[PDB]
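> Dumping the structure here so I can ask a few things about it.
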Amino acid sequence: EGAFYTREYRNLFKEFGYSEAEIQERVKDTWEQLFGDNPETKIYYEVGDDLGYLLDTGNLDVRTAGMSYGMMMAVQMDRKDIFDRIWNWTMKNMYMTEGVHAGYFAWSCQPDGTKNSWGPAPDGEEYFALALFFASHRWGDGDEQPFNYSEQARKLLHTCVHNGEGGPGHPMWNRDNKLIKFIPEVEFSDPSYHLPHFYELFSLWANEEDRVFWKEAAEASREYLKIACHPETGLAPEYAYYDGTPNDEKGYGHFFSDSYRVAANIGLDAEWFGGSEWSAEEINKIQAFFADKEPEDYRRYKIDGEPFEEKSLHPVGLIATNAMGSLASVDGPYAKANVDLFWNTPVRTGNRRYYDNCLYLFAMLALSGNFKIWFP
Ligand SMILES: O[C@@H]1[C@@H](O)[C@H](O[C@@H]2CO[C@@H](O)[C@H](O)[C@H]2O)OC[C@H]1O
Ligand code: NI
């Protein structure tokens with residue numbers, strides 16, 4: 218049974234032989250390298266006394282996926298000061314009140330707050346919502362907007378499900394198949410965006426009128442991942458049609474950056490809501506695929522395993538996600554090896570560090586039993 222039921226989180230690092238003291242130190246150090254004043258590794262920057270943001274170092278912009286990740290990291294680390302700085306920046310510069318996507322958050326902004334687009338990114342919205350629910354549960358709702366956390370979360374999820382009903386807007390989930398979309402105006406998805414474990418919680422905390430829907434979305438996403446992951450390699454494409462096959466119209470039909478999160482998501486869902494034969498086998502497939510491959514040689518791969526000459530742009534992130542996936546197959550043949558590889562991998566430096574480091578901290582929290590569900 219998952220932690221949702223037992224309220225006990227597996228410390229896989231400890232189960233694999235690492236000492237409690239060294240694990241505590243490593244988690245704290247990872248956080249400090251990302252959120253502290255460590256120039257070469259940091260991804261979080263503070264502005265004034267009430268603002269802050271996470272910088273996509275590779276694209277030199279601020280993204281909702283990153284900001285929502287930051288809020289989730291902050292609430293897991295019990296750092297309301299950082300959570301509020303990020304959420305404040307998000308509401309001030311990213312929330313849209315005009316255009317067809319009013320009610321959603323502009324997905325990319327410049328560091329000064331200027332919006333680079335008026336289009337949103339569903340994976341950002343879903344993380345904002347759960348992070349907000351967790352904030353409400355750990356610290357209680359604030360007296361002034363936008364710090365009335367739980368209300369903000371329910372409001373956002375209302376839009377995600379009902380936008381378009383009486384307006385030109387579009388929902389972020391297809392109402393018929395209950396699957397999250399890549400973006401509001403298209404009819405295809407992105408495997409890495411599927412968070413059934415998040416939807417399970419939304420079915421308990423979202424507006425009551427949508428709780429049944431969220432339970433159905435959780436089930437739909439679990440079934441979707443089964444048809445999206447290659448049967449032999451376990452690799453999932455970045456973008457995929459609702460039928461599960463890759464959408465490579467613009468080059469996103471292979472195993473690359475977005476895809477890495479699938480293994481991590483499967484690992485967290487297993488830890489929170491229980492393991493499954495499919496999940497264990499899926500993680501075993503992915504880890505088996507990388508068992509004989511060196512990180513320095515990781516490439517972009519077709520989901521069937523065929524390698525491209527192009528190297529992985531975020532190999533550290535790949536390592537982190539594969540290790541986090543071990544939570545779904547603790548007795549897997551490569552589970553220990555993956556966790557050890559991750560432990561032996563330093564936080565990334567350089568201009569492409571942002572994505573790797575976000576995945577790195579999530580894996581550090583999950584593998585140490587610190588990526589928890591915060592109940593009311
Ligand atoms: O085309 C845009 C997408 O690229 C964008 O998706 C983001 C890309 O970076 C990923 O790391 C994020 O997870 C994802 O949100 O969404 C908006 C869309 O217009
Ligand atoms: Ni030490």
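Each residue of the sequence shown is one higher than the last, beginning at 218 in my numbering.
Even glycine gets a Cβ: it sits at the ideal position worked out from N, Cα and C.
1. Are the CB atoms of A480 and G451 nearer to each other than 9 Å?
2. Consider the C-beta atom of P337 and the heavy atoms of ligand 1; say whether any pair is separated by less than 8 Å.
3. Excluding five sequence neighbours on each side, which residues of the same chain lie with their C-beta closer than 7 Å to the C-beta of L229?
4. May I ask you to list the residues that DSSP assigns as paired with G491?
5. Answer yes or no: the CB of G341 versus the heavy atoms of ligand 1, is any distance below 8 Å?
6. Is it buried or exposed for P448, if we count other Cβ within 10 angstroms and need 16 for buried?
7. Taking only the alpha-carbon atoms, compute the straight-line gap between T462 and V533 and give it to the nearest angstrom.
8. Are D358 and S367 close, meaning C-beta to C-beta below 9 Å?
9. At 4 residues or longer, and completely inside the region 365-424: list those alpha helix (DSSP H) runs for me, N to C.
10. Count the C-beta pairs between the region 302-322 and the region 338-357 that are closer than 8 Å, then say yes if the count reaches three, no if not.
11. Sorted by chain position, which residues of the same chain lie with C-beta nearer than 8 Å to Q293's C-beta, five sequence neighbours on each side aside?
12. Quick test of your reading: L349 and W306, contact by CB under 8 Å. State the CB separation rounded to the nearest angstrom.
13. Can you round the beta-carbon distance between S474 and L558 to whole angstroms, since I take them to be within the 8 Å contact cut?
14. Once you ignore the five residues that flank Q369 on each side, which residues in its own chain have a CB closer than 7 Å to its CB?
15. Taking C-alpha atoms, which residue in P524, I503, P550 and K519 lies nearest to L535?
16. Please state whether the Cβ-Cβ distance between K259 and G253 is less than 9 Å.
17. Regarding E249 and ligand 2, is the C-beta to nearest heavy atom distance less than 8 Å?
18. Counting along the chain, where does the beta strand (DSSP E) carrying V264 start and finish?
19. Taking the alpha carbon of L576 as the reference point, which residue from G470, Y469 and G484 has its own alpha carbon closest?
20. Can you tell me where the alpha helix (DSSP H) holding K443 begins and where it ends?
21. For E499, is the classification buried or exposed, using 16 other Cβ atoms within 10 angstroms of its Cβ as the cut-off for buried?
22. Give the range of the alpha helix (DSSP H) segment to which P339 is assigned.
23. Check each residue's C-beta against every heavy atom of ligand 2 and list, in chain order, those closer than 6 Å.
Concretely, from the data shown:
1. yes
2. yes
3. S543, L544, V547, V556 and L584
4. Bridge partners of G491: none, in fact.
5. yes
6. Note on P448: under 16 other CB atoms within 10 angstroms of its CB, so exposed under the neighbour-count rule.
7. Here the alpha carbons of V533 and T462 stand approximately 27 Å from one another.
8. yes
9. Whole alpha helix (DSSP H) segments, 4+ residues: 366-379 and 413-422.
10. yes
11. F351, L582, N587, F588 and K589
12. Actually they do not touch by this definition, with Cβ atoms about 15 Å apart.
13. Not really, about 19 Å apart at Cβ, beyond 8 Å.
14. Closer than 7 Å at the Cβ level, and outside the excluded window around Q369, lie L349 and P363.
15. It is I503 whose Cα lies nearest to the Cα of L535.
16. yes
17. no
18. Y261 to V264
19. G484
20. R428 to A445
21. buried
22. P339 to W356
23. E239 and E242
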